[PDB]
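Protein chains in written order, with the authors' numbering: chain A, 50 to 88; chain B, 16 to 171.
C-beta: ideal position from N, C-alpha, C; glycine also.
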Ligand SMILES: Cc1cnccc1NC(=O)c1cc(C2CC2)n(C)c1C
């Protein structure tokens, strides 16, 4: 059995940690909703 | 149940201890998560029940109590924030510039960040705190890291 617990307000935060790259990827989406790399 | 707007954890007891299977968004009385988190099952909030209203395995999305309410879109230019809610850890804002998933049916924002699978359905925000989609459907890359589609529904 599954339950929910509130974890926070949905708010932009000034001086949040700023990380991650911005990759451009060719992808395919199948009927089961799984993405795959089209290489 | 609790029906204040905000970001929730999705928990199960069907395993060892209490396990966080995913995350979701409460907005205008509707609970929004990814289909792979709940597999379309009912949810408890207090002694309240939340019943599935809308779902799509291909979009990997599901709404509870009503129709999908979140319609904001990535601009295609500006940084965004993942409001990542990881298992056993406090909600945290991580700011990033999305790349792109190029598909035959169009381009889609993507966010290049690793977190446990129980993070799934964390909301992605724009500068005005609007939810532009849910994190935790995407693709593994050469490095073995995850890259997630910015996955948005449609509001009728
Ligand atoms: C379980 C599932 C089923 N169906 C589709 C996608 C998933 N998602 C994952 O497998 C997943 C999600 C993440 C993190 C971003 C949250 N990571 C690293 C992985 C491997």
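What residues are listed by DSSP as bridge partners for residue i?
i	result
residue 51 of chain B	According to DSSP, which records beta bridges pairwise, residue 51 of chain B is partnered with nothing at all.
residue 96 of chain B	B/110 and B/140
residue 83 of chain B	Per DSSP, none; premise fails for residue 83 of chain B.
residue 74 of chain B	The partner list for residue 74 of chain B (beta bridge, DSSP) is empty, contrary to what the question assumes.
If you measure from the beta carbon of residue i to each beta carbon in chain A, is any gap under 9 Å?
i	result
residue 167 of chain B	no
residue 132 of chain B	no
residue 138 of chain B	yes
residue 120 of chain B	yes
residue 84 of chain B	no
residue 173 of chain B	Chain B is shown from 16 up to 171; residue 173 of chain B falls before or after that span and cannot be answered.
residue 170 of chain B	no
residue 66 of chain B	no
residue 150 of chain B	no
residue 60 of chain B	yes
Need the endpoints of the beta strand (DSSP E) that residue i sits in, please.
i	result
residue 108 of chain B	107-111
residue 159 of chain B	Here residue 159 of chain B belongs to no beta strand (DSSP E), and DSSP marks it neither H nor E.
residue 88 of chain B	No beta strand (DSSP E) holds residue 88 of chain B; DSSP gives it neither H nor E.
residue 54 of chain A	51-57
residue 77 of chain A	73-78
residue 167 of chain B	From DSSP, residue 167 of chain B is part of no beta strand (DSSP E); its letter is neither H nor E.
Beta carbon of residue i: closer than 8 Å to some heavy atom of ligand 2?
i	result
residue 134 of chain B	Annotation note on ligand 2: not contained in the displayed structure, which lists ligand 1 as its ligands.
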